[PDB]
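> mmCIF, C-alpha atoms and all ligand atoms; chains and numbers go by the auth columns, saved as final02.cif, coming up:
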data_query
loop_
_atom_site.group_PDB
_atom_site.id
_atom_site.type_symbol
_atom_site.label_atom_id
_atom_site.label_comp_id
_atom_site.label_asym_id
_atom_site.label_seq_id
_atom_site.Cartn_x
_atom_site.Cartn_y
_atom_site.Cartn_z
_atom_site.B_iso_or_equiv
_atom_site.auth_seq_id
_atom_site.auth_asym_id
ATOM 1 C CA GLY A 1 121.023 102.220 77.838 0.00 16 W
ATOM 2 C CA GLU A 2 119.731 99.225 75.858 0.00 17 W
ATOM 3 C CA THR A 3 117.162 100.269 73.251 0.00 18 W
ATOM 4 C CA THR A 4 117.143 97.041 71.122 0.00 19 W
ATOM 5 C CA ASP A 5 113.603 95.813 70.298 0.00 20 W
ATOM 6 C CA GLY A 6 112.455 92.898 72.485 0.00 21 W
ATOM 7 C CA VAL A 7 110.756 91.828 75.724 0.00 22 W
ATOM 8 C CA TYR A 8 112.217 93.115 79.046 0.00 23 W
ATOM 9 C CA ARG A 9 111.820 92.389 82.766 0.00 24 W
ATOM 10 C CA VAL A 10 110.922 95.318 85.127 0.00 25 W
ATOM 11 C CA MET A 11 112.785 94.992 88.428 0.00 26 W
ATOM 12 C CA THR A 12 113.055 96.847 91.768 0.00 27 W
ATOM 13 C CA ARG A 13 115.581 96.774 94.659 0.00 28 W
ATOM 14 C CA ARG A 14 113.308 98.580 97.205 0.00 29 W
ATOM 15 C CA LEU A 15 111.938 95.337 98.701 0.00 30 W
ATOM 16 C CA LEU A 16 113.958 92.159 99.700 0.00 31 W
ATOM 17 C CA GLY A 17 116.740 91.480 97.148 0.00 32 W
ATOM 18 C CA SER A 18 115.881 92.067 93.464 0.00 33 W
ATOM 19 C CA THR A 19 112.184 91.607 92.732 0.00 34 W
ATOM 20 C CA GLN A 20 110.466 91.380 89.338 0.00 35 W
ATOM 21 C CA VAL A 21 107.372 93.639 89.435 0.00 36 W
ATOM 22 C CA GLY A 22 106.425 93.166 85.759 0.00 37 W
ATOM 23 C CA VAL A 23 107.448 92.947 82.068 0.00 38 W
ATOM 24 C CA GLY A 24 107.425 95.264 79.003 0.00 39 W
ATOM 25 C CA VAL A 25 108.052 95.642 75.243 0.00 40 W
ATOM 26 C CA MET A 26 110.698 97.813 73.583 0.00 41 W
ATOM 27 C CA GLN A 27 109.663 98.721 69.995 0.00 42 W
ATOM 28 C CA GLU A 28 110.811 101.691 67.847 0.00 43 W
ATOM 29 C CA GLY A 29 112.669 103.334 70.751 0.00 44 W
ATOM 30 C CA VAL A 30 109.554 103.296 73.034 0.00 45 W
ATOM 31 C CA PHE A 31 109.146 101.077 76.179 0.00 46 W
ATOM 32 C CA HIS A 32 105.548 99.808 76.671 0.00 47 W
ATOM 33 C CA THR A 33 104.201 98.301 79.941 0.00 48 W
ATOM 34 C CA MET A 34 101.106 98.203 82.226 0.00 49 W
ATOM 35 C CA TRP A 35 100.405 101.161 84.534 0.00 50 W
ATOM 36 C CA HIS A 36 100.109 98.949 87.666 0.00 51 W
ATOM 37 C CA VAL A 37 103.711 97.676 87.089 0.00 52 W
ATOM 38 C CA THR A 38 105.511 101.059 87.380 0.00 53 W
ATOM 39 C CA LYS A 39 102.756 103.442 88.626 0.00 54 W
ATOM 40 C CA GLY A 40 104.161 105.871 85.978 0.00 55 W
ATOM 41 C CA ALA A 41 107.569 106.125 87.740 0.00 56 W
ATOM 42 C CA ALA A 42 110.863 106.663 85.814 0.00 57 W
ATOM 43 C CA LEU A 43 112.928 103.627 84.766 0.00 58 W
ATOM 44 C CA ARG A 44 116.632 102.883 84.544 0.00 59 W
ATOM 45 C CA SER A 45 118.252 101.047 81.582 0.00 60 W
ATOM 46 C CA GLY A 46 121.876 100.548 82.562 0.00 61 W
ATOM 47 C CA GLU A 47 123.208 104.092 82.972 0.00 62 W
ATOM 48 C CA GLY A 48 120.366 105.694 80.931 0.00 63 W
ATOM 49 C CA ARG A 49 116.996 107.003 82.099 0.00 64 W
ATOM 50 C CA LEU A 50 113.556 106.237 80.606 0.00 65 W
ATOM 51 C CA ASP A 51 110.997 108.977 81.296 0.00 66 W
ATOM 52 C CA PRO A 52 107.223 108.404 81.030 0.00 67 W
ATOM 53 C CA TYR A 53 105.605 109.963 77.942 0.00 68 W
ATOM 54 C CA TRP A 54 101.944 108.847 77.996 0.00 69 W
ATOM 55 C CA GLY A 55 99.765 106.837 80.397 0.00 70 W
ATOM 56 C CA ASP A 56 96.182 106.131 81.476 0.00 71 W
ATOM 57 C CA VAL A 57 95.051 104.339 84.682 0.00 72 W
ATOM 58 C CA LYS A 58 91.743 103.201 83.067 0.00 73 W
ATOM 59 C CA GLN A 59 93.429 101.495 80.100 0.00 74 W
ATOM 60 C CA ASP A 60 96.189 100.375 82.637 0.00 75 W
ATOM 61 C CA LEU A 61 98.932 101.221 80.073 0.00 76 W
ATOM 62 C CA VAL A 62 102.031 103.510 79.968 0.00 77 W
ATOM 63 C CA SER A 63 104.784 104.316 77.327 0.00 78 W
ATOM 64 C CA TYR A 64 108.295 105.692 77.930 0.00 79 W
ATOM 65 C CA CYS A 65 110.460 107.870 75.566 0.00 80 W
ATOM 66 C CA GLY A 66 107.626 108.338 73.061 0.00 81 W
ATOM 67 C CA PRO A 67 104.026 107.688 72.107 0.00 82 W
ATOM 68 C CA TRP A 68 102.388 104.208 72.155 0.00 83 W
ATOM 69 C CA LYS A 69 103.587 102.286 69.038 0.00 84 W
ATOM 70 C CA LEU A 70 101.776 98.921 69.199 0.00 85 W
ATOM 71 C CA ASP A 71 98.665 98.881 66.989 0.00 86 W
ATOM 72 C CA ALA A 72 98.092 95.246 65.940 0.00 87 W
ATOM 73 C CA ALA A 73 94.764 93.650 66.944 0.00 88 W
ATOM 74 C CA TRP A 74 93.550 90.032 67.520 0.00 89 W
ATOM 75 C CA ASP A 75 91.517 88.968 64.406 0.00 90 W
ATOM 76 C CA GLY A 76 88.799 87.289 66.539 0.00 91 W
ATOM 77 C CA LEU A 77 89.392 83.811 65.057 0.00 92 W
ATOM 78 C CA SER A 78 93.022 82.675 65.370 0.00 93 W
ATOM 79 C CA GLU A 79 95.191 81.266 68.146 0.00 94 W
ATOM 80 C CA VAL A 80 97.812 83.575 69.708 0.00 95 W
ATOM 81 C CA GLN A 81 100.921 83.132 71.849 0.00 96 W
ATOM 82 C CA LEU A 82 101.580 84.636 75.284 0.00 97 W
ATOM 83 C CA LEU A 83 105.317 85.286 75.448 0.00 98 W
ATOM 84 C CA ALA A 84 105.350 84.730 79.229 0.00 99 W
ATOM 85 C CA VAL A 85 108.335 86.144 81.153 0.00 100 W
ATOM 86 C CA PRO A 86 107.749 84.820 84.759 0.00 101 W
ATOM 87 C CA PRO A 87 109.926 86.013 87.674 0.00 102 W
ATOM 88 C CA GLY A 88 113.274 84.203 87.879 0.00 103 W
ATOM 89 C CA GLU A 89 112.293 82.008 84.899 0.00 104 W
ATOM 90 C CA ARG A 90 113.185 81.928 81.174 0.00 105 W
ATOM 91 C CA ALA A 91 110.891 83.600 78.549 0.00 106 W
ATOM 92 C CA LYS A 92 108.466 80.938 77.219 0.00 107 W
ATOM 93 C CA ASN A 93 105.824 81.116 74.413 0.00 108 W
ATOM 94 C CA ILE A 94 102.438 79.494 75.171 0.00 109 W
ATOM 95 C CA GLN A 95 99.838 79.074 72.406 0.00 110 W
ATOM 96 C CA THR A 96 96.101 79.504 73.217 0.00 111 W
ATOM 97 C CA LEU A 97 92.711 80.351 71.652 0.00 112 W
ATOM 98 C CA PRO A 98 91.476 83.530 73.313 0.00 113 W
ATOM 99 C CA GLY A 99 88.058 83.797 74.903 0.00 114 W
ATOM 100 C CA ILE A 100 85.992 87.051 75.082 0.00 115 W
ATOM 101 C CA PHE A 101 85.365 89.774 77.699 0.00 116 W
ATOM 102 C CA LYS A 102 81.888 91.188 76.837 0.00 117 W
ATOM 103 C CA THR A 103 81.463 94.790 78.115 0.00 118 W
ATOM 104 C CA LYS A 104 78.788 97.546 77.847 0.00 119 W
ATOM 105 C CA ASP A 105 81.280 99.262 75.405 0.00 120 W
ATOM 106 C CA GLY A 106 82.210 96.256 73.231 0.00 121 W
ATOM 107 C CA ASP A 107 84.105 92.955 73.257 0.00 122 W
ATOM 108 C CA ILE A 108 87.804 92.413 74.093 0.00 123 W
ATOM 109 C CA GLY A 109 89.956 89.285 73.615 0.00 124 W
ATOM 110 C CA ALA A 110 90.902 87.394 76.776 0.00 125 W
ATOM 111 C CA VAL A 111 93.583 84.791 77.621 0.00 126 W
ATOM 112 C CA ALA A 112 92.988 82.129 80.275 0.00 127 W
ATOM 113 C CA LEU A 113 96.538 81.389 81.373 0.00 128 W
ATOM 114 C CA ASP A 114 97.730 81.333 85.029 0.00 129 W
ATOM 115 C CA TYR A 115 100.968 83.156 85.904 0.00 130 W
ATOM 116 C CA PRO A 116 102.440 85.064 88.931 0.00 131 W
ATOM 117 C CA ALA A 117 101.502 88.816 89.253 0.00 132 W
ATOM 118 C CA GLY A 118 105.077 89.798 88.346 0.00 133 W
ATOM 119 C CA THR A 119 104.454 88.391 84.809 0.00 134 W
ATOM 120 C CA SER A 120 102.134 91.512 84.111 0.00 135 W
ATOM 121 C CA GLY A 121 103.118 93.313 80.884 0.00 136 W
ATOM 122 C CA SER A 122 104.138 90.124 78.992 0.00 137 W
ATOM 123 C CA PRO A 123 103.217 90.499 75.309 0.00 138 W
ATOM 124 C CA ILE A 124 100.572 88.507 73.421 0.00 139 W
ATOM 125 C CA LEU A 125 101.540 87.913 69.728 0.00 140 W
ATOM 126 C CA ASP A 126 99.774 87.066 66.464 0.00 141 W
ATOM 127 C CA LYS A 127 101.216 84.550 63.873 0.00 142 W
ATOM 128 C CA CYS A 128 103.245 87.393 62.267 0.00 143 W
ATOM 129 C CA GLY A 129 105.002 88.091 65.612 0.00 144 W
ATOM 130 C CA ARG A 130 103.172 91.434 66.016 0.00 145 W
ATOM 131 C CA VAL A 131 102.214 92.530 69.558 0.00 146 W
ATOM 132 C CA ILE A 132 98.406 92.514 69.768 0.00 147 W
ATOM 133 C CA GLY A 133 98.331 93.521 73.466 0.00 148 W
ATOM 134 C CA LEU A 134 99.767 92.978 76.954 0.00 149 W
ATOM 135 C CA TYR A 135 98.817 90.363 79.556 0.00 150 W
ATOM 136 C CA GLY A 136 98.196 91.271 83.203 0.00 151 W
ATOM 137 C CA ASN A 137 94.821 92.955 83.776 0.00 152 W
ATOM 138 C CA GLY A 138 91.780 90.771 84.155 0.00 153 W
ATOM 139 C CA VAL A 139 89.584 88.868 86.564 0.00 154 W
ATOM 140 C CA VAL A 140 89.501 85.862 88.938 0.00 155 W
ATOM 141 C CA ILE A 141 86.816 83.303 87.987 0.00 156 W
ATOM 142 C CA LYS A 142 84.869 80.650 90.097 0.00 157 W
ATOM 143 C CA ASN A 143 87.666 78.024 89.864 0.00 158 W
ATOM 144 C CA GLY A 144 90.222 80.526 91.287 0.00 159 W
ATOM 145 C CA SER A 145 92.054 80.772 87.917 0.00 160 W
ATOM 146 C CA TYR A 146 93.001 84.147 86.303 0.00 161 W
ATOM 147 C CA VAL A 147 91.639 85.403 82.955 0.00 162 W
ATOM 148 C CA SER A 148 93.477 88.455 81.564 0.00 163 W
ATOM 149 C CA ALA A 149 92.198 90.857 78.876 0.00 164 W
ATOM 150 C CA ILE A 150 94.332 91.300 75.738 0.00 165 W
ATOM 151 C CA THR A 151 95.035 95.000 76.628 0.00 166 W
ATOM 152 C CA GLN A 152 96.044 97.149 73.617 0.00 167 W
ATOM 153 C CA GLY A 153 96.699 100.934 73.305 0.00 168 W
ATOM 154 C CA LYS A 154 96.063 103.287 70.369 0.00 169 W
ATOM 155 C CA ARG A 155 98.786 104.440 67.923 0.00 170 W
ATOM 156 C CA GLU A 156 98.317 108.190 67.255 0.00 171 W
ATOM 157 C CA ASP B 1 114.468 102.815 91.542 0.00 50 Q
ATOM 158 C CA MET B 2 113.066 100.504 88.898 0.00 51 Q
ATOM 159 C CA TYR B 3 115.269 99.076 86.157 0.00 52 Q
ATOM 160 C CA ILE B 4 114.868 96.925 83.037 0.00 53 Q
ATOM 161 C CA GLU B 5 116.760 93.767 81.803 0.00 54 Q
ATOM 162 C CA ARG B 6 116.427 92.140 78.337 0.00 55 Q
ATOM 163 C CA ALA B 7 114.563 88.791 78.337 0.00 56 Q
ATOM 164 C CA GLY B 8 114.284 87.819 74.632 0.00 57 Q
ATOM 165 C CA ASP B 9 113.173 88.506 71.038 0.00 58 Q
ATOM 166 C CA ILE B 10 109.477 88.899 70.181 0.00 59 Q
ATOM 167 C CA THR B 11 108.772 86.056 67.725 0.00 60 Q
ATOM 168 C CA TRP B 12 106.160 83.377 67.044 0.00 61 Q
ATOM 169 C CA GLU B 13 107.487 79.907 67.932 0.00 62 Q
ATOM 170 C CA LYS B 14 106.340 76.956 65.809 0.00 63 Q
ATOM 171 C CA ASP B 15 105.282 73.912 67.868 0.00 64 Q
ATOM 172 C CA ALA B 16 105.072 75.818 71.187 0.00 65 Q
ATOM 173 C CA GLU B 17 103.127 74.303 74.170 0.00 66 Q
ATOM 174 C CA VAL B 18 99.382 74.672 73.328 0.00 67 Q
ATOM 175 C CA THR B 19 97.071 75.137 76.384 0.00 68 Q
ATOM 176 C CA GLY B 20 94.282 77.306 77.940 0.00 69 Q
ATOM 177 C CA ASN B 21 90.517 77.411 77.411 0.00 70 Q
ATOM 178 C CA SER B 22 88.429 80.274 75.726 0.00 71 Q
ATOM 179 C CA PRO B 23 85.723 81.476 78.195 0.00 72 Q
ATOM 180 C CA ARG B 24 83.060 84.071 77.232 0.00 73 Q
ATOM 181 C CA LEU B 25 82.583 86.338 80.285 0.00 74 Q
ATOM 182 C CA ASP B 26 80.344 89.374 80.988 0.00 75 Q
ATOM 183 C CA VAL B 27 82.621 92.000 82.623 0.00 76 Q
ATOM 184 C CA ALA B 28 82.608 95.676 83.764 0.00 77 Q
ATOM 185 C CA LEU B 29 85.560 98.086 83.789 0.00 78 Q
ATOM 186 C CA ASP B 30 85.678 100.816 86.442 0.00 79 Q
ATOM 187 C CA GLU B 31 87.356 104.267 86.434 0.00 80 Q
ATOM 188 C CA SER B 32 90.280 102.700 88.421 0.00 81 Q
ATOM 189 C CA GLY B 33 91.055 100.215 85.595 0.00 82 Q
ATOM 190 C CA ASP B 34 89.774 97.160 87.515 0.00 83 Q
ATOM 191 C CA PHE B 35 87.732 94.466 85.766 0.00 84 Q
ATOM 192 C CA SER B 36 84.912 92.754 87.650 0.00 85 Q
ATOM 193 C CA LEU B 37 82.498 89.921 86.770 0.00 86 Q
ATOM 194 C CA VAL B 38 78.906 90.974 85.978 0.00 87 Q
ATOM 195 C CA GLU B 39 76.245 88.360 86.779 0.00 88 Q
HETATM 196 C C1 LIG C . 95.802 98.687 89.671 0.00 201 G
HETATM 197 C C2 LIG C . 94.923 97.750 88.852 0.00 201 G
HETATM 198 N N1 LIG C . 94.648 98.296 87.512 0.00 201 G
HETATM 199 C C3 LIG C . 95.467 96.341 88.680 0.00 201 G
HETATM 200 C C4 LIG C . 96.519 95.880 89.460 0.00 201 G
HETATM 201 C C5 LIG C . 97.013 94.597 89.305 0.00 201 G
HETATM 202 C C6 LIG C . 96.454 93.740 88.363 0.00 201 G
HETATM 203 N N2 LIG C . 96.923 92.422 88.139 0.00 201 G
HETATM 204 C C7 LIG C . 97.226 91.488 89.072 0.00 201 G
HETATM 205 O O1 LIG C . 97.182 91.706 90.281 0.00 201 G
HETATM 206 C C8 LIG C . 97.546 90.124 88.550 0.00 201 G
HETATM 207 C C9 LIG C . 98.226 89.904 87.355 0.00 201 G
HETATM 208 C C10 LIG C . 98.504 88.607 86.968 0.00 201 G
HETATM 209 CL CL1 LIG C . 99.458 88.335 85.537 0.00 201 G
HETATM 210 C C11 LIG C . 98.105 87.520 87.718 0.00 201 G
HETATM 211 C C12 LIG C . 97.441 87.742 88.918 0.00 201 G
HETATM 212 N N3 LIG C . 97.172 86.627 89.740 0.00 201 G
HETATM 213 C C13 LIG C . 96.064 86.411 90.490 0.00 201 G
HETATM 214 O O2 LIG C . 95.263 87.245 90.859 0.00 201 G
HETATM 215 O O3 LIG C . 96.007 85.102 90.801 0.00 201 G
HETATM 216 C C14 LIG C . 94.922 84.671 91.658 0.00 201 G
HETATM 217 C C15 LIG C . 95.006 83.174 91.676 0.00 201 G
HETATM 218 C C16 LIG C . 94.576 82.439 92.772 0.00 201 G
HETATM 219 C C17 LIG C . 94.638 81.054 92.762 0.00 201 G
HETATM 220 C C18 LIG C . 95.134 80.388 91.661 0.00 201 G
HETATM 221 C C19 LIG C . 95.576 81.106 90.573 0.00 201 G
HETATM 222 C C20 LIG C . 95.513 82.490 90.579 0.00 201 G
HETATM 223 C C21 LIG C . 97.154 89.039 89.326 0.00 201 G
HETATM 224 C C22 LIG C . 95.394 94.192 87.589 0.00 201 G
HETATM 225 C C23 LIG C . 94.913 95.478 87.748 0.00 201 G
#
Can you dump the structure from the file as C-alpha cells?
Ligand SMILES: C[C@@H](N)c1ccc(NC(=O)c2cc(Cl)cc(NC(=O)OCc3ccccc3)c2)cc1


Amino acid sequence: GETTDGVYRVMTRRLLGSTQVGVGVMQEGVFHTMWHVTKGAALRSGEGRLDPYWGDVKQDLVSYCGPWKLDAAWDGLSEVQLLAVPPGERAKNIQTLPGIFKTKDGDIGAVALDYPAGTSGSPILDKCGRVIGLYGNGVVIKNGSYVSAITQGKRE
Amino acid sequence: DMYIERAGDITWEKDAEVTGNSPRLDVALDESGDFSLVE
C-alpha cells in the first residue's frame, strides 16, 4: 500500500457509511497515531496490511510497521501549527501559541483549538515542519472548549 | 476493518490562520490515559 510520508485519515466502514475515526502520520515507513483511534487494531492501506508494532494506553500512542520515529519537541517559547485534518474536510494548518499542562511528573505543551473527535491524531509541527506531537488527548475546561496535550512518544 | 487515505504533506505554512489562547492548567493523568483537571 501507500507508504509515502505525510498525514493520513483513519476510516472505518463498520458504522453508517464511511466514518473518519482519527488521523495519523506516516514517516520513515512507520504509521503513528493515538491509541484511542484504532484500539491497537490492524489497518489496511489499499491492498496492504499495517500491523501494530508498539503501543501504550497511558501515553495514548501506537506505531505500525516499526518503532516510534517522531522525536522532535516543542521548545517552550515558539508558536506551532496544528495540521488539522477534520472529517470530510480538507487538511488545514492553524498557528497557535501553546499553553501548559502542569502535572505531578512535569509540564507538557497544550493546544487550545476546538475540533471534532475524529480529528484525533492530527500532527502538531514546529517551524522546521518536524512533528512535535499529536493532537487529540486532553481536557474539557469551564467554557466547554477542548484543550489537548501535545502528545509525543520516545524514539528508541 | 480500518483503512487509511492520504490527506497531505507535513509542512509549515507561512501566513496560516493564527488563533487559540495559551492556558496554564493543573492536570492529572490516570493509568487509563485520561487527563483530568486538578483544582
Ligand atoms: C481512551 C482515552 N485515552 C481517550 C479517548 C478519547 C479522547 N479524545 C476525545 O474524545 C476528543 C478528541 C478531540 Cl480532538 C476533541 C474532543 N471533543 C470534545 O470533547 O469536545 C467537547 C466540546 C463540547 C462543547 C464545545 C466544544 C467541545 C474529544 C481522549 C482520550

> Written as a VMD selection string, what is the full residue list that the PyMOL selection byres (((not hetatm)) within 6 of (chain G and resi 201)) yields on the file shown?

(chain W and resid 51 75 129 to 132 134 to 135 151 to 152 159 to 161) or (chain Q and resid 82 to 83)

> Check every residue of chain Q for an atom within 6 Å of chain W, counting all atoms listed in the file, and provide those that qualify as a PDB file with C-alpha atoms, in the frame of the given file.


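The resulting file, part.pdb, is shown below:
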ATOM      1  CA  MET Q  51     113.066 100.504  88.898  1.00  0.00           C
ATOM      2  CA  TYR Q  52     115.269  99.076  86.157  1.00  0.00           C
ATOM      3  CA  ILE Q  53     114.868  96.925  83.037  1.00  0.00           C
ATOM      4  CA  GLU Q  54     116.760  93.767  81.803  1.00  0.00           C
ATOM      5  CA  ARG Q  55     116.427  92.140  78.337  1.00  0.00           C
ATOM      6  CA  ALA Q  56     114.563  88.791  78.337  1.00  0.00           C
ATOM      7  CA  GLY Q  57     114.284  87.819  74.632  1.00  0.00           C
ATOM      8  CA  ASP Q  58     113.173  88.506  71.038  1.00  0.00           C
ATOM      9  CA  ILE Q  59     109.477  88.899  70.181  1.00  0.00           C
ATOM     10  CA  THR Q  60     108.772  86.056  67.725  1.00  0.00           C
ATOM     11  CA  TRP Q  61     106.160  83.377  67.044  1.00  0.00           C
ATOM     12  CA  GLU Q  66     103.127  74.303  74.170  1.00  0.00           C
ATOM     13  CA  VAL Q  67      99.382  74.672  73.328  1.00  0.00           C
ATOM     14  CA  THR Q  68      97.071  75.137  76.384  1.00  0.00           C
ATOM     15  CA  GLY Q  69      94.282  77.306  77.940  1.00  0.00           C
ATOM     16  CA  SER Q  71      88.429  80.274  75.726  1.00  0.00           C
ATOM     17  CA  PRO Q  72      85.723  81.476  78.195  1.00  0.00           C
ATOM     18  CA  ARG Q  73      83.060  84.071  77.232  1.00  0.00           C
ATOM     19  CA  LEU Q  74      82.583  86.338  80.285  1.00  0.00           C
ATOM     20  CA  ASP Q  75      80.344  89.374  80.988  1.00  0.00           C
ATOM     21  CA  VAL Q  76      82.621  92.000  82.623  1.00  0.00           C
ATOM     22  CA  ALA Q  77      82.608  95.676  83.764  1.00  0.00           C
ATOM     23  CA  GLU Q  80      87.356 104.267  86.434  1.00  0.00           C
ATOM     24  CA  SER Q  81      90.280 102.700  88.421  1.00  0.00           C
ATOM     25  CA  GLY Q  82      91.055 100.215  85.595  1.00  0.00           C
ATOM     26  CA  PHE Q  84      87.732  94.466  85.766  1.00  0.00           C
TER      27      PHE Q  84
END

> Separation of CA of residue 87 in chain Q and CA of residue 165 in chain W, in Å?

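Result for CA of residue 87 in chain Q versus CA of residue 165 in chain W: 18.5 Å, one decimal.
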
> For the atom pair CA of residue 79 in chain W and CA of residue 91 in chain W, what is the interatomic distance in Å to one decimal place?

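Interatomic distance here is 29.1 Å.
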
> Tell me, in Å to one decimal, how far CA of residue 48 in chain W is from CA of residue 70 in chain W.

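So the answer is 9.6 Å.
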
> Starting from 4 Å padding per side, set up an axis-aligned box that covers all listed atoms of range 54-64 of chain Q and hand over centre and edge lengths in Å, one decimal, as lines of an AutoDock Vina configuration file.


center_x = 111.0
center_y = 83.8
center_z = 73.8
size_x = 19.5
size_y = 27.9
size_z = 24.0
